[PDB]
Amino acid sequence: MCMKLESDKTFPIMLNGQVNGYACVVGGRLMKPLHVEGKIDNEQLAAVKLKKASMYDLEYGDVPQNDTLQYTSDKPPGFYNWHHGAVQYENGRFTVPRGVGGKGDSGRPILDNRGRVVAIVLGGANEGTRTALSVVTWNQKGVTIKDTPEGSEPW
Amino acid sequence: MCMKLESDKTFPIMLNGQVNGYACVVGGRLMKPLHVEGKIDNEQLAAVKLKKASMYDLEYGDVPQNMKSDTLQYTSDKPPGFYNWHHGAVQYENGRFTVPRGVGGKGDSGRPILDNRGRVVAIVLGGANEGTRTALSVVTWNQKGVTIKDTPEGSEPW
Amino acid sequence: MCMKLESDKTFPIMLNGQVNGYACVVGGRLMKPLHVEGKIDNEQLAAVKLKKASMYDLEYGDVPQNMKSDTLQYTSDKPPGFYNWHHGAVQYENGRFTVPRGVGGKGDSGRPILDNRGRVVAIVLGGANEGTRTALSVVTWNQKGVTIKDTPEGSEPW
Amino acid sequence: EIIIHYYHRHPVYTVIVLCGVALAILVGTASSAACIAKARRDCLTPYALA
């Protein structure tokens, strides 16, 4: 379901072997997290460098395509999907259970219930039972906010 | 009904004797009054230092272990409606609480008042008699989230 | 099988609402880890003073309750064999200790592993990884019965 | 004329004071340019993501 939408859309980042993060091509903009490093696949992205923003722990740029996931400035709380499980938006927090996560879960996108990406996760909190996550979101004016879950641990 | 809502969800305060009320971990902060104190049950959650606020009769701190566990999200709107809690039901009639006369005793202070969907609207502190049915001295919120000590008349705390 | 043998034998070491392992009695004396410590519950065996040993990362003392109560006999020899333990079976890979990858982690320190005869052969401390099987920090014995601490590669103590 | 007059009177003092003035204005201009560039980056890093 979500895998079909993210098929040839989420690009693994090779850390000399295994993967450390996923890059997301959305809205004509490439996306990749700073805090985890490695080798991006699909060398049409590797040939171009991506201008940085360390305050959002991220770096962005343009897209060499002859890939256009839309923006959601408004997210009803409800529940949304991501390719490890379901998430709920609780007045400023995104929620996942105990065991889901792990190191290397950074850079994953979270979509809405039908396909539009709403945010991208870069880490989480150390607790569980639908605990908060280190996520980069967009407000009603299309402005970037790094939501702080008081976790400081980037899964 | 409310038993499932408050099961392993709120703890009791203690005067080293019989039970005397409750403290509820709500929204990440402990809701523990001034007038009753001495021992938080489950001393795992008693290691937190609770800063005081006598203007609302509260001692509050930061919950350890999982903060999202035992959350009790608040509510902003206050329709008259029909509200549930430990021994029964209260009606929010023109800014006041109406509640049967028989409830009370020392030990009533510590009960969170819940809505139909399961979010707290107030946490019981006191009481006052008005003949057929009694009234409560409580702490409520407003349409913008400002906290008001709701005490309509001369009310004794439990 | 091992659940029957370790019932009321692995007394919980305890910190602040979290169980961070257990402590085990063998040969009439009490083990207690040095890399992780705290409060021993069932305080009838906790009031004793446990003299430390950093060369093996343990603490040892004496049993206060009676002459024998809880004890586990050792094994002087270590066949490859088959050794049960709380979260599954561990094996002897001709000098290497392999345990399944999914079991382990924090709170698995200071635990025993038992032979088919029901006697303890080694004491669980930590963990490493080499793929499907993982290697654990351990306190064992030798052919002469001299204890040796095995920490294979960069093993992370639990 | 002031520059050449002071250079003729005190050569080393004049050359070091004009060297210090040139270095100070160069470092000031470079630092303020870097400050303006960093403020521009921190201001327009949100809006370039839509």
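Calculation rules
Residue labels reflect position in each chain's written sequence, counted from 1, rather than necessarily the entry's numbering. Residues lacking coordinates are not shown. For naming, the first written chain is A and the first written ligand is 1, with later ones following in the order written. All reported values concern the displayed chains, which form part of a larger assembly. To obtain the side-chain values, all non-hydrogen atoms of the structure were included, while hydrogens and water were left out. Under the scheme used here, helices are H or I runs from DSSP no shorter than 4 residues and strands are E runs no shorter than 2 residues, and both carry numbers assigned from the N terminus. Both definitions apply: the radius of gyration is a C-alpha atom measure, and the globule rule equals 2.2 Å times residues to the power 0.38. Note on exposure labels: buried denotes an accessible area under 20% of the residue type's maximum, exposed denotes more than 50%, and partly exposed covers the range between, all computed with a 1.4 Å probe on protein chains only. Accessible surface is estimated by sampling points in the Shrake-Rupley manner with a 1.4 Å probe; for residues, cover comes only from the protein chains shown. Whether two residues are in contact is decided by their heavy atoms: any pair within 4.5 Å suffices. Only four residue types enter the charge count: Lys and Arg as positive, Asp and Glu as negative, with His and the chain ends excluded. The atoms used to mark charge sites are NZ of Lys, CZ of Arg, CG of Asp and CD of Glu. By convention in these notes, a salt bridge is any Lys or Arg side-chain nitrogen within 4 Å of a carboxyl oxygen on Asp or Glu. Note: buried area is the sum, over both parts, of the accessible area (probe 1.4 Å) each one loses when the two are combined. Counting of polar contacts relies on pairs of N or O atoms within 3.5 Å, with two restrictions inside protein: one atom must be capable of donating a hydrogen and the other of accepting it, and residues adjacent in sequence are counted only when both atoms are side-chain atoms. Three residue categories are used. Nonpolar comprises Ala, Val, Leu, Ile, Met, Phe, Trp, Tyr, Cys and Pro, charged comprises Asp, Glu, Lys and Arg, and polar comprises the others, including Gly. Think of a nonpolar core as a cluster: buried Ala, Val, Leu, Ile, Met, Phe, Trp, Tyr and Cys residues, connected wherever their side-chain atoms sit within 4.5 Å. UniProt positions are given in the numbering used here, feature names are shortened, and annotations may be inferred rather than shown by experiment.

In the nomenclature of the PDB entry, chain D corresponds to Structural polyprotein from the organism Western equine encephalitis virus. For this entry, the PDB record gives the title as "Structure of western equine encephalitis virus CBA87 VLP in complex with human PCDH10 EC1".

Named according to the PDB entry, chain B is Capsid protein originating from Western equine encephalitis virus.

Student: What am I meant to see in the overall build of chain D here?
Tutor: A count of helices and strands for chain D gives 2 helices and 0 strands. Relative to the 2.2 N^0.38 estimate, which gives 10 Å for 50 residues, the radius of gyration of chain D is 20 Å and therefore markedly larger than a compact globule would have. Overall, chain D is about 65 × 15 × 5 Å in size when its C-alpha atoms are taken along their principal axes. Classification of the 50 residues of chain D by burial places 8% in the buried group. For chain D, the accessible surface area stands at approximately 4,300 Å², while carbon and sulfur atoms represent 74% of it.

Student: Sorry, what's going on with the overall build of chain B here?
Tutor: Each helix and strand counted, chain B has 1 helix and 17 strands in total. Taken against the 2.2 N^0.38 rule, which gives 15 Å for 158 residues, the C-alpha radius of gyration of chain B at 15 Å falls within 12% of a compact globule. Principal-axis analysis of the C-alpha atoms places the extent of chain B at approximately 40 × 30 × 30 Å. Once local pairs closer than 6 in sequence are excluded, the contacts in chain B between residues at least 24 apart make up 52%. Taken as a whole, chain B presents about 8,700 Å² of accessible surface, with 53% of it coming from carbon and sulfur. Across chain B, the 19 positively charged side chains and the 17 negatively charged ones have centroids separated by 3 Å.

Student: What should I look at first to understand the arrangement of the chains in this one?
Tutor: Most contacts, among the 3 pairs of chains that meet, fall between chains A and D. Separating chain B from chain D is a minimum C-alpha gap of 29 Å, and the two share no contact. Structurally, chain C and chain D remain out of contact, their C-alpha atoms never closer than 41 Å.

Student: How should I be thinking about the pattern of salt bridges in this particular structure?
Tutor: A pair can form between side chains of opposite charge whenever their charged atoms are brought close. Scanning all chains against the criterion turns up 12 salt bridges over all chains. Between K32(A) and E59(A) there is a salt bridge whose closest N-O contact spans 3.8 Å. Highlighted residues: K32(A) in strand β3 (residues 31–33) and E59(A) in strand β6 (residues 58–60), separated in sequence by 27 residues. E59(A) sits in the buried class, given a relative accessible area of 8%. A salt bridge links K9(B) to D70(B), with the shortest nitrogen-to-oxygen separation between them at 3.7 Å. Of this pair, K9(B) sits in the loop between α1 (2–5) and β1 (10–11) while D70(B) sits in the loop between β7 (58–60) and β8 (83–85); the two residues are 61 residues apart in sequence, bridging distant segments of the chain. By relative accessible area, which is 24% here, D70(B) ends up partly exposed. Within this structure, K32(B), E37(B), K52(B) and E59(B) form a network of salt bridges that share partners.

Student: Help me out: how do you make sense of the interface of chain A and chain D in this one?
Tutor: Contacts between chain A and chain D engage 9 residues on the former and 7 residues on the latter. Between chain A and chain D the total buried area reaches about 750 Å² when both faces are included, carbon and sulfur atoms providing 62% of it. Where chain A meets chain D, there are 0 salt bridges. If you look at where chain A meets chain D, you find 1 residue pair in polar contact. Looking at the side of chain A that touches chain D residue by residue, the classes come out as 5 nonpolar, 2 polar and 2 charged.

Student: I tried to follow the nonpolar core on my own but got confused; where do I start?
Tutor: Taken as a class, soluble globular proteins show a tendency for nonpolar side chains to be buried jointly. Residues and elements named next belong to chain A. One finds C24, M31, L58, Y60, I120 and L122 to be the most contacted residues of the largest nonpolar core, which totals 15 residues. Secondary-structure elements contributing two or more residues to this core are β6, β11 (117–124) and β12 (133–138). The element best represented in this core is β11, accounting for 3 residues. Setting aside anything within four residues of it in sequence, one finds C24 in contact with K9, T10, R29, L30, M31, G107, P109 and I120.

Student: Would you mind showing me how to read the side chain of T75(C) here?
Tutor: Residue and element names in this part refer to chain C. Relative to the helices and strands, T75 resides in the loop between β8 (58–60) and β9 (83–85). For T75, a relative accessible area of 4% puts it in the buried group. At a separation of 3.3 Å, a polar atom in the side chain of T75 contacts the main-chain carbonyl oxygen of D77. Once you skip the residues sitting within four places of it in the chain, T75 turns out to touch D115, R119, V120 and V121.

Student: What is the right way to read the UniProt feature "active site" in chain B from this model?
Tutor: Residues and elements named next belong to chain B. When the UniProt feature table is mapped to this numbering, "active site" covers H35, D57 and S109. The annotated residues occupy 75 residues of the chain but converge on a single region, no pair of C-alpha atoms lying more than 11.3 Å apart. Secondary-structure assignment places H35 in the loop between β4 (29–31) and β5 (39–40). The contact partners of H35, leaving out residues within four places of it in the chain, are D57, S109, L125 and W158. A distance of 3.4 Å separates a polar atom in the side chain of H35 from a polar atom in the side chain of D57. Within the secondary structure layout, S109 lies in the loop between β10 (96–100) and β11 (112–114).

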